[PDB]
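Asker: structure for the following, please:
(chains A and B)
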There are 2 protein chains.
Amino acid sequence: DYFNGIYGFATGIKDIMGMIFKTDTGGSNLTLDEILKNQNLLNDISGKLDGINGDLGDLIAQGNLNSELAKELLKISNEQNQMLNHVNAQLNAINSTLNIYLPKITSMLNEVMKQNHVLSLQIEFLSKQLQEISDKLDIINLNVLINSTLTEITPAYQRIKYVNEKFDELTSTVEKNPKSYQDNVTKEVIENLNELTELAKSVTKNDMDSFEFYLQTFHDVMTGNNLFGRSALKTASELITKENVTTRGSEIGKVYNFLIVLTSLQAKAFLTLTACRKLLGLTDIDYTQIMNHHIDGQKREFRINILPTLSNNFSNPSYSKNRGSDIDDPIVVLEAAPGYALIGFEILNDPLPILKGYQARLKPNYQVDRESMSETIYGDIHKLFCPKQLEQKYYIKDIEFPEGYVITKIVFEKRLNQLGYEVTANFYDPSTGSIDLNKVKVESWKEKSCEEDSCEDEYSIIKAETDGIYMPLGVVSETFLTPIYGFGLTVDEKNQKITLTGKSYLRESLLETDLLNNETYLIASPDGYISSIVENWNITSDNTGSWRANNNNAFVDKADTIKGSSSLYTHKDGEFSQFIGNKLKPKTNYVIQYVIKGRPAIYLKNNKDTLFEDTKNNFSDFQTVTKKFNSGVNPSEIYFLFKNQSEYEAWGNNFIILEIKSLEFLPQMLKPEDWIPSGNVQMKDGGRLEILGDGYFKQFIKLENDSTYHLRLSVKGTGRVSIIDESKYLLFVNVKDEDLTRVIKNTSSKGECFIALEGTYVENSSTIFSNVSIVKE
Amino acid sequence: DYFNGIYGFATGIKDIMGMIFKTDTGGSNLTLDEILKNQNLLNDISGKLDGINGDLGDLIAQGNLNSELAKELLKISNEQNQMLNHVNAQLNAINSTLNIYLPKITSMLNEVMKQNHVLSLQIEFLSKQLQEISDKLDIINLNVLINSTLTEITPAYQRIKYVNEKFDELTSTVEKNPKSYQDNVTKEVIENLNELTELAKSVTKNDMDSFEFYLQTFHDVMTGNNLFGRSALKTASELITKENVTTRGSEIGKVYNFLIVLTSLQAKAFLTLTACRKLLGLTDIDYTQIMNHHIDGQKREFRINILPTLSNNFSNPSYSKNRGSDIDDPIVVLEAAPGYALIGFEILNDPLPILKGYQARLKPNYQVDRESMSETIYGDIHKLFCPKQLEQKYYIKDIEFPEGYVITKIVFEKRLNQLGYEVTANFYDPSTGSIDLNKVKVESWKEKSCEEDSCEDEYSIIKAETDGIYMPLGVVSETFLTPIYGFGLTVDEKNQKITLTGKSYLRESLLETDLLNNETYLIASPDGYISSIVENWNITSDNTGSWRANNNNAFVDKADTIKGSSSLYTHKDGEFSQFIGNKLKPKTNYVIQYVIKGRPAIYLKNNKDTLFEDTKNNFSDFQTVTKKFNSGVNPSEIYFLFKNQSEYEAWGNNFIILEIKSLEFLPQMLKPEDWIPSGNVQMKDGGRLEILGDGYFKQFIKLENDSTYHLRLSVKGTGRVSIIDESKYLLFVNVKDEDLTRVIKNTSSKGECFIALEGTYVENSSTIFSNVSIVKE
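Answerer: Numbering: from 1, shown residues only, chains lettered A, B, ... in the order given. Shown next is the structure:
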């Protein structure tokens, strides 16, 4: 969805305050002292004693009686009236409370709970994100300045977080007015009474020589007004900018995220304080002024003396050793739509090495639209990034366009292990969010020698080791998706690892909107996918939409196994159905992912073939799994079939399936169609040209004198290859199972030559070729 | 301005504490500001009694009874009414009591806030300077002490600062005051019993095993009466005096700033305690004596076992790289008026490399007068400190003097890149001030004379790189200006750093005054200029006896503290005229400096020429401008014109215009007037001998065969230098546009010896030399 930034969050908390600030208390002195469990018991005493006292008082008021007897009875009347009066006073306090106050207070509290929950959904993400950041940071070589802020802040932070947690949860677990805690029977007045008493005790403890001291000093330490003025913000900046912290997002991303965490903490605490006050008696204190002032102070700090020092450069978070190829010329294009813009990348490998690219339209001041977003998946990216036992040329540049431009299309080129690329940017307007389509800039070469002389040099090379090259792995994006104006590759072959890097507009993307208190619209980096062919794959709304269950044991049930999320539940016959055939293009790969608990029965069936089925694994706690498959020759009828099992209990949701864009290649001289078989030989889909025994393939191929040619191919099954010009062997090599790498030098093929793809000559032989590549140098 | 020391601040605090100790009413002379508790109790009793009396009275009104059975009821009614009159007397007494108590309290708090602000203004400056240490105190290697001490001290410090800020909210109640000062006619009884409950709470949090405790233990640690001694002050010194703090002032100045901060904090906290206890009823215990006790204890500690360990040495704060020169022999004289003495230096670079020095009279015990101070600006000092393209010699020579002596004139001399300097001090009486003019000392470069004839030894040399050397930059003084007895230069050509350093009387300048609580008239080190040809150069307030507001809207924008500090204001016609043509001297460079916001029209003219203008750069908030300009050929009529750039609103202040002392040179044998124009050649302003096309300048010069000579000159225009005897060419070199460095050995002279400054045969490019320097070695 959206994250409306710290200013919008503060406005939300201020509106919650303005709501609770007004409603009512009637004074009503909610002191816990009231026994509050004898509203029944005292009533009996009150009634009986009232009757007795009335009878006796009327007997006296009859008059006409022995004088001293009258005095005696009058004294008895006085005593009884005193006892009864204090008793009914206690009862009247209790009952006045349990009729006037608890309904009012319960209503206001129930109201404050929901909006609190809503605002907590605005930072749920960054919570876990800062948890992860804390996991991967090391404080070696810290200065005394660090220990300074640590001891200056840690108790206040401890207690502020603790109180926010405790109160916020107690807002929920307090019975609401349905019971009204009334005298109804009992044990409602044990448990709901215990919880109400605990709420009372907590809120009471918030008015003393503490917790308006803790809040204030916390704010001060943040702003950096302590005994020698070292804002914890700055020391956190220093700690984060220290390396070994290579995770998603750049410096600015991480520090701003930190400040989001802390500011949300402070605002939550202010809300809690005001709620406590109103929950007690009187003297409401409009804290909104102080809260806004403190938030603006911390933001001014962050803006002035930290932000201009940080980098928007962001790298892949991890690496991975992988075996790629050399006989191929893979070319990859990531071209956003004409009205779109690149907004980050991601590399996954678990189904297969896959680069993913997001794209979207732009809103002013470098803000992204939630919709119009799109994820695109690409194929064997390792084959572009990884060799197989041969060196790799990597041209490395810090390509960056001028300000106002946005990287709009990144095309990759690997030509005979020379890895360059193409970065093209368009013009964009921050004031209107509009991206121009008629003012572009291009970058064809990827070094500094071409940067200063337009001459080809200054790449870097990697000598292919055995196990595999450390290729990029993980997410390539800022913590908040953002159009980038800088990009580059910075491989360090010293240890055989590659690294991508870009420069983000995040700085200016926020400096115009948030730190100036305007409507901010960011988007947290999507941890997983965002779209799917399965419509409403994210079943949560208790509605199936295109989903369909043909059995009442298959139901939607937002609280399938828990109210936290829905996961289509099926037991012993439960089947969730969805026609999906119309969207899967034939002969195309697809990756599948879903979070499943139990052992469900999953099917991709067109009533004739089940393109995929998994019915084996049993998952206690919603294990997600990912598999792949290629669409059949005609999947136009395939359904989605979430069945339960033969019989079992099943859970499952977020059934994501996406097209894996097949990897393409550069042109060559060879053509998979110009081949000439010679009996007992059959070519395959990938121009494989398998020798089915005794026979061969050939294809006439024209050469020139002053041109160099690189012949590359691999075979499945032993065989041979021969380039005979007309009688002379321009080449003749025996190959068993390996990648041919011969490079024919300057030689004018007389007339025409051809490659006699002759494998071995026995009956049971199968010499299958892979990549008939005669790429000319 | 002025600053009256820790003792003066304690005097102010004690004065105000006495003031509040003597102002109140009684009433609570028998109560404890439970005036309210008894007041409400009495009110309830009056209400119930009145309700009873009403029923008795109307039952009487029914009448129709026996006389005695009525007359007895009549007597009972009389008794009840008299009882009600009695309680009404009591309650009216209480009403009048609190009705006097409250408004006096309000007025007292008003006065407390005013005077507290007036005092805190006198530490506000030196509070900020503590951050100039904060940024550069990244100190390590003994951090265990500054972990222990901080972990032990910082809670009490936080709490004290918090309590203090409760008096900004006191100021908020001061703001409230005018809303209820007028309706004090028995309406306050619940109006102004609210509207201050914040304070009524804060004060209650000043008892009971609490804040008093924190103040006490804080004092105890600062003095160092802890478990193991080690006052936080000692470790604070051990931190601040170490590891490249490299900011103005010495160990003494900085540690003293620290102690000023701490003692000022404590004094303000004691004032707050007593102000609270004067409110909230009364007990009237003057903490005066205890406060003076604690302050004197901390001062005794600081004097005894910290002050001796400190040094009065101090470096310049910053360096700057600037291409200097070797063709010039710059001589600089820094001499005070006879009744004055130098108190510190300052190097500015922004409008130009410029050296500033302050000189002033003396108050006894090494103190300085406010209005006797004066600033002086000298020219391009890089020409004195930095070479160009050659080496340069520097007489590192740590001059000193006996006590009672004070530096009075420092003369700088760069001769053939030999940099030495003569320092001339005078004698002075610590008592009565009275520098005497007849007991002087001169130690120029001959501190080696006592043991070695080579007075010219004990120096160093730097080789000029292509871009210049790190010349000193910033302020040369102690945190408080002070006549210095020590001075020297300690260049480090290992990193091309030139360093100025001296010794300050600070130790003595205070050891007799502040640790003895006497007068302590100090001056904090300024941060910019303090004098200007512009009178009231900032603004006084509402009064611009220097300025002439020709328009009406050309008023003072804030005119009183509302837009922060003073700023002239102009909009749509606005202008402030001020005739200054009498204070400018023709053909003299003058520095311009001022702070502005928005779009102003900067004008310096005599209605006949714009000597300077700025009509652009609409700044966000009060940006300062600093540029340069030369006085025209006749500035007698010029005056200032701060107008508005355009229809917009403008702001501006701190208009500074100062004369720059042009640089001076040692004498040399070549004379400009002795030049012989021989054919279409004329002299220039800078003595440049413009060779108009063809021709040459010549001038007879008697060289001697005993000494070595040095001719140097830079030219504009292709030319030839020609030193010929009557027969022989002693020198004949040609020059295009560059400098010239020639060393002639024993010059065999034949009487007719001269140099002919000849260009080349280019009629357009007039050959223009710069420095006719035949300086004799």
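
Asker: do you know how far the most centrally placed residue in chain A is from chain B?
Answerer: Per Cα atoms, centre = their mean, the C-alpha nearest to the average position across chain A is that of residue A:527, at 2.8 Å. From residue A:527 over to chain B the distance is 37 Å, taken as Cβ to the nearest Cβ, to the nearest Å. The way it works is simple: take the backbone N, C-alpha and C, and place the C-beta from them, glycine included.

Asker: ok, now residue A:776?
Answerer: 51 Å.

Asker: same thing with residue A:576?
Answerer: Where chain B is concerned, residue A:576 sits at a distance of 59 Å (Cβ to the nearest Cβ).

Asker: how about residue A:331?
Answerer: 47 Å.

Asker: which residue does the stretch 501-650 of chain A have closest to chain B?
Answerer: Going by Cβ to the nearest Cβ, chain B is nearest to residue A:516 of the stretch 501-650 of chain A, at 11.8 Å.

Asker: look at that residue and say how many residues are nearby.
Answerer: Counted by other Cβ atoms under 10 Å in any protein chain shown, the residues lying close to residue A:516 total 13.

Asker: picking that back up, check contacts around the residue nearest to the centre of chain A.
Answerer: Applying Cβ atoms under 8 Å, 6 or more residues apart in numbering or on different chains to residue A:527 gives no contacts.

Asker: repeat for the one 5 residues further on
Answerer: By Cβ under 8 Å, 6+ apart, residue A:532 lies in contact with A:655-658.

Asker: which secondary structure state does it sit in?
Answerer: Secondary structure, DSSP: H, G, I helix; E, B strand; the rest coil: residue A:532 is coil.

Asker: tell me the phi and psi of it?
Answerer: phi -160, psi 150 (degrees, to the nearest 10).

Asker: residue farthest from the centroid of chain A?
Answerer: By Cα atoms, centre = their mean, chain A has its most distant residue from the centre at residue A:66, 92.0 Å.

Asker: need the contact list for residue A:578.
Answerer: A:534-535, A:546-548, A:639-642.

Asker: what residues of the strand or helix carrying it count as buried?
Answerer: Taking DSSP states H and E as the definition, residue A:578 sits inside strand A:575-579. Buried residues in strand A:575-579, defined by neighbour count with 16 or more other Cβ atoms under 10 Å in any protein chain shown: A:575-578.

Asker: that one: partners in the sheet, and parallel or antiparallel?
Answerer: Using DSSP bridges, strand A:575-579 pairs in its sheet with strand A:548-549 (antiparallel), strand A:639-643 (antiparallel).

Asker: highest mean neighbour count out of those?
Answerer: strand A:639-643 (a mean of 22; mean count of other Cβ atoms under 10 Å in any protein chain shown).

Asker: how far off strand A:639-643 does the very next helix or strand once past that strand point, in degrees?
Answerer: The element immediately downstream of strand A:639-643 (helix or strand, assigned by DSSP H and E) is strand A:649-661. Orientation of strand A:649-661 against strand A:639-643 (axes from the mean of the first three to the mean of the last three Cα atoms, to 10 degrees) gives an angle of 150 degrees.

Asker: against which helices or strands is the helix or strand following strand A:649-661 packed?
Answerer: Sequence order places strand A:664-665 as the next helix or strand after strand A:649-661, per DSSP H and E. Packing partners of strand A:664-665 (3 or more Cβ pairs under 8 Å, 6 or more residues apart in numbering or on different chains; DSSP states H and E): strand A:330-335.

Asker: would you give the sheet partners of the helix or strand following the strand it packs on, along with the direction of each?
Answerer: For strand A:330-335, the succeeding helix or strand toward the C-terminus, using DSSP H and E, is strand A:341-348. Strand pairing for strand A:341-348, determined by DSSP bridges: strand A:354-360 (antiparallel), strand A:469-476 (antiparallel).

Asker: just the CA trace of strand A:341-348, in PDB.
Answerer: In PDB, the C-alpha atoms belonging to strand A:341-348 read as follows (Å, rounded to 0.1, in the frame of the first residue of the first chain):
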ATOM      1  CA  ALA A 341      10.700   4.300 -14.800                       C
ATOM      2  CA  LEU A 342      13.100   1.800 -13.200                       C
ATOM      3  CA  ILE A 343      12.800   1.700  -9.500                       C
ATOM      4  CA  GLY A 344      15.100  -1.100  -8.400                       C
ATOM      5  CA  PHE A 345      16.100  -4.700  -9.000                       C
ATOM      6  CA  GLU A 346      16.400  -8.100  -7.300                       C
ATOM      7  CA  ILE A 347      18.400 -11.300  -7.900                       C
ATOM      8  CA  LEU A 348      16.900 -14.600  -6.900                       C
END
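
Asker: tell me what angle it forms with strand A:330-335.
Answerer: Going by the same axes, to 10 degrees, strand A:341-348 makes 140 degrees with strand A:330-335.

Asker: tell me if stretch A:48-63 is near chain B.
Answerer: No: using Cβ under 8 Å from any Cβ of the partner chain, we find that stretch A:48-63 stays clear of chain B, coming within 11.1 Å at best.

Asker: likewise for stretch A:144-163?
Answerer: Yes: contact of stretch A:144-163 with chain B (Cβ under 8 Å from any Cβ) involves A:144-145, A:147-148, A:151-152.

Asker: show the subsequent helix or strand relative to the strand holding residue A:578.
Answerer: strand A:589-598.

Asker: ranges for the strands of the stretch 651-777 of chain A?
Answerer: A:664-665, A:676-677, A:681-682, A:690-691, A:696-698, A:700-701, A:709-710, A:713-716, A:719-724, A:729-735, A:739-740, A:743-744, A:753-758, A:768-769 (DSSP state E, counting those that start in this stretch).

Asker: got a markdown table for these, with mean neighbour count too?
Answerer: Compiled in a markdown table, the strands of the stretch 651-777 of chain A are given as follows (neighbours: other Cβ atoms under 10 Å in any protein chain shown):
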| stretch | mean neighbour count |
| --- | --- |
| strand A:664-665 | 13 |
| strand A:676-677 | 15 |
| strand A:681-682 | 18 |
| strand A:690-691 | 26 |
| strand A:696-698 | 22 |
| strand A:700-701 | 16 |
| strand A:709-710 | 20 |
| strand A:713-716 | 21 |
| strand A:719-724 | 20 |
| strand A:729-735 | 15 |
| strand A:739-740 | 18 |
| strand A:743-744 | 16 |
| strand A:753-758 | 23 |
| strand A:768-769 | 23 |
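
Asker: quick one: the ones you listed as CSV, columns for distance to residue A:462 too.
Answerer: What follows is these, written out as CSV (distance: least, Cβ to Cβ, whole Å):
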stretch, distance to residue A:462
strand A:664-665, 21
strand A:676-677, 39
strand A:681-682, 38
strand A:690-691, 33
strand A:696-698, 34
strand A:700-701, 32
strand A:709-710, 19
strand A:713-716, 21
strand A:719-724, 28
strand A:729-735, 26
strand A:739-740, 17
strand A:743-744, 20
strand A:753-758, 30
strand A:768-769, 27
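
Asker: one step back: save the strands paired with strand A:341-348 as TSV, and put in mean neighbour count too.
Answerer: TSV is the format used below for the strands paired with strand A:341-348 (neighbours: other Cβ under 10 Å):
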stretch	mean neighbour count
strand A:354-360	22
strand A:469-476	23
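
Asker: out of these, which comes closest to residue B:488?
Answerer: Using Cβ to Cβ as the measure, strand A:469-476 is the one of those that comes nearest residue B:488, at 57.8 Å.

Asker: the helix or strand following that closest one to strand A:341-348, inter-axis angle?
Answerer: Sequence-wise, the next helix or strand downstream of strand A:469-476 (DSSP H and E) is strand A:484-489. If you take the same axes, to 10 degrees, strand A:484-489 sits at 40 degrees to strand A:341-348.

Asker: and strand A:484-489, what other elements does it pack with?
Answerer: strand A:341-348, strand A:405-415, strand A:418-428, strand A:500-504.

Asker: which secondary structure elements does the shortest one sit against?
Answerer: Right, the one you point to is strand A:500-504. Counting by 3+ Cβ pairs under 8 Å, 6+ apart, strand A:500-504 packs on strand A:313-315, strand A:469-476, strand A:484-489.

Asker: of the ones you listed, which is nearest residue A:36?
Answerer: Among the helices and strands packed on strand A:500-504, if distance is taken as Cβ to Cβ, the winner is strand A:469-476, at 55.2 Å.
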